[PDB]
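S.K.: Please work out how this folds:
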Amino acid sequence: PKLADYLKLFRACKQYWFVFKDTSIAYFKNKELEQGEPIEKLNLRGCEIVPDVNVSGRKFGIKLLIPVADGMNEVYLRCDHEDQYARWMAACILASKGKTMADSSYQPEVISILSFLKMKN
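M.R.: Numbering: from 1, shown residues only. For reference, the structure is listed below:
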């Protein structure tokens with residue numbers, strides 16, 4: 001169960017290689033480096049998730065509010081399109097509840113998310 005894509009990061013937008021594993025996201029300068037040392041690794045367990053979507057505007061954003069000792073760490077992921085967004089958003093939603101992509105609810109979740117976007121398309 002691995003999910004890996006180039007996504008744009010806002011806190012300013014820079015594109016990085018992102019890897020979803022377990023309940024965490026890690027990112028790197030590019031995909032040839034995914035083996036080495038991540039720029040940062042974020043555990044999404046117990047995070048808050050805010051969708052930032054404008055289908056006709058071609059905007060597919062994921063705002064993540066990650067609990068830290070001194071508050072929320074705000075992480076904004078911009079996806080390149082609807083299918084990528086559905087897979088990443090579904091993964092984020094499961095992770096916030098402590099679930100991985102191995103959970104049998106992952107693919108139906110991708111499907112649900114996607115149907116709404118296909119319909120607006």
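
S.K.: Helices along the protein, start to end?
M.R.: 82-96, 106-120 (DSSP state H).

S.K.: Contacts for the last one, please.
M.R.: Residues from elsewhere that reach helix 106-120, judged by C-beta atoms under 8 Å, 6 or more residues apart in numbering: 53, 55-56, 82-83, 85-87, 89-91, 93-94, 99-100. All C-beta spots, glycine's among them, are computed from the backbone N, C-alpha and C.

S.K.: Can you flag the buried ones in those?
M.R.: 53, 82, 85-87, 89-91, 93-94, 99 (16 or more other C-beta atoms under 10 Å).

S.K.: now the strands for the protein?
M.R.: For the chain, the strands defined by DSSP state E cover 3-10, 14-21, 24-28, 40-43, 48-54, 59-68, 71-79.

S.K.: Against which helices or strands is the third one packed?
M.R.: Identification of packing neighbours for strand 24-28 by 3 or more C-beta pairs under 8 Å, 6 or more residues apart in numbering; DSSP states H and E yields strand 14-21, strand 40-43.

S.K.: Ok, which of the ones you listed comes nearest residue 65?
M.R.: Closest to residue 65 of these is strand 40-43 (C-beta to C-beta; 11.3 Å).

S.K.: The closest residue to residue 13 other than its chain neighbours: how many residues sit nearby?
M.R.: Distance criterion C-beta to C-beta, 6 or more residues apart in numbering; nearest residue to residue 13, sequence neighbours excluded, is residue 78 at 6.7 Å. Residue 78: 16 surrounding residues under other C-beta atoms under 10 Å.

S.K.: For residue 78, list the residues it contacts.
M.R.: Neighbours of residue 78 in contact, by C-beta under 8 Å, 6+ apart: 7-10, 13, 59-62.

S.K.: coming back round to it: show me which of the buried ones among the contacts of helix 106-120 is closest to residue 27.
M.R.: Nearest member of the buried ones among the contacts of helix 106-120 to residue 27, counting by C-beta to C-beta, is residue 91, at 14.0 Å.
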